[PDB]
Ligand SMILES: O=Cc1ccc(O)cc1
Ligand SMILES: O=Cc1ccc(O)cc1
Ligand SMILES: O=Cc1ccc(O)cc1
Ligand SMILES: O=Cc1ccc(O)cc1
Ligand SMILES: O=Cc1ccc(O)cc1
Ligand SMILES: O=Cc1ccc(O)cc1
């Protein structure tokens with residue numbers, strides 16, 4: 008029992024938002040439909056389908072297609088595997104297992120976590136949206152560059168969430184901003 | 008760019024608590040002092056110190072010793088590595104890399120995440136304490152057993168945190184997931 012094995016360290020960051028004027032169920036209807044992320048981050052994602060396993064069950068793989076970055080550029084594609092799903096607890100975990108999404112496909116073993124929590128009713132309710140990622144250090148990136156890839160997308164997704172919820176963007180507050 | 012590599016799924020769960028009556032900095036002074044977890048979960052941990060790397064810097068390993076879990080039994084020991092740290096953002100990640108801590112040492116690649124967030128000053132303040140874990144599925148365990156091992160420890164740790172902060176136990180509220 009007096010021995011240990013060193014492991015590599017990770018890059019990453021976790022973010023949390025408070026969302027008012029909605030419920031965990033309404034947010035989850037959009038955010039929790041993992042294989043239909045095209046119905047969530049619709050400003051970036053053109054379409055999305057399950058390509059392995061059963062839709063939204065642990066182990067399944069989604070393939071989604073992103074709109075071109077500019078006129079002459081091609082659409083890009085993501086493959087990501089649901090590696091944990093707990094719908095009852097409004098939380099899941101996924102990782103990129105293929106594709107060529109700009110920035111994201113550069114990272115080594117990008118793994119992301121989403122968790123929704125309800126604030127107590129007597130405090131006016133609202134939802135805490137937790138979203139984190141990690142990636143393994145590799146020579147072609149830095150942690151800072153990973154954060155510069157991830158955080159603007161998370162930000163866009165929170166804005167797209169509001170659009171689908173028909174609530175104002177001001178409904179969302181990034182905690183510790 | 009149209010193929011993917013399937014991976015195994017994970018076990019785990021994420022929990023969030025609201026903590027009132029304190030500040031994120033006070034909480035962090037206890038929770039974020041990774042190598043002195045004996046100053047936090049004092050009802051379980053007898054002693055703790057860094058045994059590899061620089062204290063509370065990513066890559067470091069702490070060794071801590073726990074009191075006999077029940078009478079008759081012997082002390083147990085944990086070795087865990089800090090695999091991510093962002094002190095200014097009040098979040099870190101660690102994993103067990105050795106030892107024989109009851110329950111926790113049975114899991115394969117136990118990885119845990121702690122993240123503190125401030126609720127808006129505007130809406131009354133308070134701290135959100137996020138704590139999650141994953142483990143790799145293994146034949147000698149079940150995910151249910153993992154949760155039965157982990158959750159009571161997290162719960163005890165939040166109680167001990169209140170003791171050290173000199174705030175009532177009523178300060179902590181587990182959020183509905
Ligand atoms: O399935 C949700 C989940 C999220 C974060 C974790 O750390 C573990 C599980
Ligand atoms: O966090 C995963 C993710 C990455 C890129 C997207 O377009 C959508 C989700
Ligand atoms: O807005 C405060 C509030 C108090 C008690 C409730 O049940 C709901 C809201
Ligand atoms: O989350 C890991 C952990 C386990 C036992 C402890 O006593 C403290 C932390
Ligand atoms: O008994 C083994 C041992 C190793 C490192 C320590 O810091 C303490 C004990
Ligand atoms: O628990 C989160 C986690 C992140 C990256 C991994 O490689 C494994 C687990």
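Residue numbers (the authors' numbering), protein chains in the order written: chain A, 8 to 184; chain B, 8 to 184. Every residue, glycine too, gets a C-beta built ideally from N, C-alpha and C.
As a quick exercise: from the options, pick the residue whose alpha carbon is nearest that of residue i.
i: residue 166 of chain B; options: B:18, B:46, B:14; result: B:46
i: residue 39 of chain B; options: B:83, B:145, B:136, B:70; result: B:136
i: residue 52 of chain B; options: B:94, B:168, B:61, B:95; result: B:168
i: residue 131 of chain A; options: A:20, A:28, A:182, A:36; result: A:28
i: residue 181 of chain A; options: B:125, B:8, B:160; result: B:125
i: residue 158 of chain B; options: B:74, B:133, B:72, B:24; result: B:24
i: residue 62 of chain A; options: A:16, A:92, A:81; result: A:92
i: residue 184 of chain B; options: A:152, A:102, A:95, A:184; result: A:95
i: residue 143 of chain A; options: A:102, A:129, A:108; result: A:102
i: residue 34 of chain A; options: A:175, A:171, A:176; result: A:171
i: residue 64 of chain B; options: B:90, B:70, B:176; result: B:90
i: residue 86 of chain A; options: A:17, A:146, A:57, A:75; result: A:57
i: residue 10 of chain A; options: B:152, B:75, B:112; result: B:112
i: residue 160 of chain B; options: B:133, B:66, B:108; result: B:108
i: residue 67 of chain A; options: B:17, B:133, B:150; result: B:17
i: residue 8 of chain A; options: B:81, B:8, B:77; result: B:81
Buried or exposed for residue i, please, with buried defined as at least 16 other CB atoms from any protein chain shown within 10 angstroms of its CB.
i: residue 50 of chain A; result: exposed
i: residue 173 of chain A; result: exposed
i: residue 88 of chain B; result: buried
i: residue 19 of chain B; result: buried
i: residue 15 of chain B; result: exposed
i: residue 79 of chain B; result: exposed
Would you kindly check if the distance between the Cβ of residue j and the Cβ of residue i is under 8 Å?
i: residue 148 of chain A; j: residue 100 of chain A; result: no
i: residue 12 of chain A; j: residue 104 of chain B; result: yes
i: residue 43 of chain B; j: residue 55 of chain B; result: yes
i: residue 83 of chain B; j: residue 118 of chain B; result: no
i: residue 156 of chain B; j: residue 110 of chain B; result: yes
i: residue 139 of chain A; j: residue 120 of chain A; result: yes
i: residue 21 of chain A; j: residue 36 of chain B; result: no
i: residue 178 of chain A; j: residue 26 of chain A; result: yes
i: residue 163 of chain B; j: residue 72 of chain B; result: no
i: residue 188 of chain B; j: residue 70 of chain B; result: This structure does not reach residue 188 of chain B, given that chain B is present from 8 up to 184, and the question cannot be answered.
Under 7 Å: does the beta carbon of residue i sit that close to some heavy atom of ligand 5?
i: residue 171 of chain A; result: no
i: residue 5 of chain A; result: With chain A covering only 8 through 184, there is no way to say anything about residue 5 of chain A.
i: residue 97 of chain B; result: no
Run the proximity test for residue i: is its beta-carbon closer than 7 Å to any non-hydrogen atom belonging to ligand 2?
i: residue 73 of chain A; result: yes
i: residue 85 of chain A; result: yes
i: residue 51 of chain A; result: yes
i: residue 174 of chain B; result: no
i: residue 136 of chain A; result: no
i: residue 108 of chain A; result: yes
CB of residue i to nearest heavy atom of ligand 6: below 7 Å?
i: residue 1 of chain B; result: The structure shown does not extend to residue 1 of chain B, since chain B spans only 8 to 184, so no value can be given for it.
i: residue 19 of chain B; result: yes
i: residue 34 of chain B; result: no
i: residue 118 of chain A; result: yes
i: residue 141 of chain A; result: yes
Compute every distance between the C-beta of residue i and the non-hydrogen atoms of ligand 4, then say whether any falls below 7 Å.
i: residue 90 of chain B; result: no
i: residue 68 of chain B; result: no
i: residue 160 of chain B; result: yes
i: residue 23 of chain B; result: no
Quick one: is the Cβ of residue i within less than 7 Å of any heavy atom of ligand 1?
i: residue 46 of chain B; result: no
i: residue 59 of chain B; result: no
i: residue 188 of chain A; result: With chain A represented from 8 up to 184, any question about residue 188 of chain A goes unanswered, as that position is not in the structure.
i: residue 100 of chain A; result: yes
Would you say the beta carbon of residue i comes nearer than 7 Å to a heavy atom of ligand 3?
i: residue 79 of chain A; result: no
i: residue 131 of chain A; result: yes
Only counting runs of 3 or more residues, tell me where the beta strand (DSSP E) segments fall wholly within the segment 39-81 of chain A, in order along the chain. 52-59, 68-73
Start-end ranges of the beta strand (DSSP E) lying completely within the segment 79-124 of chain A, minimum 3 residues: 83-93, 98-106
Unbroken alpha helix (DSSP H) runs of length 4 or more, entirely within the segment 15-42 of chain A: which are they? 31-38
Segments assigned alpha helix (DSSP H), at least 4 residues, entirely inside the segment 142-171 of chain B: none
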